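Here is the structure we will look at.
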Amino acid sequence: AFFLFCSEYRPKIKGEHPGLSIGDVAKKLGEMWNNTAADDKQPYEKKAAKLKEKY
DNA sequence: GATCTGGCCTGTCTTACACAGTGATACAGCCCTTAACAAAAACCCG
């Protein structure tokens, strides 16, 4: 569920910060998705499951 | 009857056209870092 949350927060991260490296940005997004509650990634996980079922 | 001529073959003879090869440029595929979920299998006891 954290993968779709990271994918959805990547544009927010690029808007809040200019971005220096994709690796550090991805690490920070993963750390944030792990520190936040699991309910925050529920619609993201639902959209990921929908995209997996459609493809 | 002998001579000149239009038409059907025939062996070349130039050609345009399809490729051929090359250094440099441009797309176009493989790892990277979290990660919570998504699957494939081998083996074992019920």
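Quick note: numbers on chain A are straight from Swiss-Prot, i.e. 101-155, in order.
Per deposition record, electron microscopy, 3.6 Å.
Note that Cβ sites are derived from N, Cα and C of the backbone, with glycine treated the same way.
In Swiss-Prot this protein carries:
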- A:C106: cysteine sulfonic acid (-SO3H) (MOD_RES)
- A:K127: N6-acetyllysine (MOD_RES)
- A:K128: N6-acetyllysine (MOD_RES)
- A:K141: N6-acetyllysine (MOD_RES)
C-alpha of A:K141 (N6-acetyllysine) to C-alpha of A:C106 (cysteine sulfonic acid (-SO3H)): distance in Å?
9
Rounded Cα separation (Å) that holds between A:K127 (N6-acetyllysine) and A:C106 (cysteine sulfonic acid (-SO3H)):
9
A:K127, A:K128, A:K141: which of these modified residues has the highest Cβ count within 10 Å of its own Cβ?
A:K141
In Å, rounded, how far does the Cα of A:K128 (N6-acetyllysine) sit from the Cα of A:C106 (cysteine sulfonic acid (-SO3H))?
9
If H, G and I count as helix, E and B as strand, and all else as coil, what does DSSP give for A:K141 (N6-acetyllysine)?
helix
Write out the long-range same-chain contacts of A:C106 (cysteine sulfonic acid (-SO3H)), meaning residues 6 or more apart in sequence whose Cβ is under 8 Å from its Cβ.
A:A126, A:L129, A:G130, A:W133
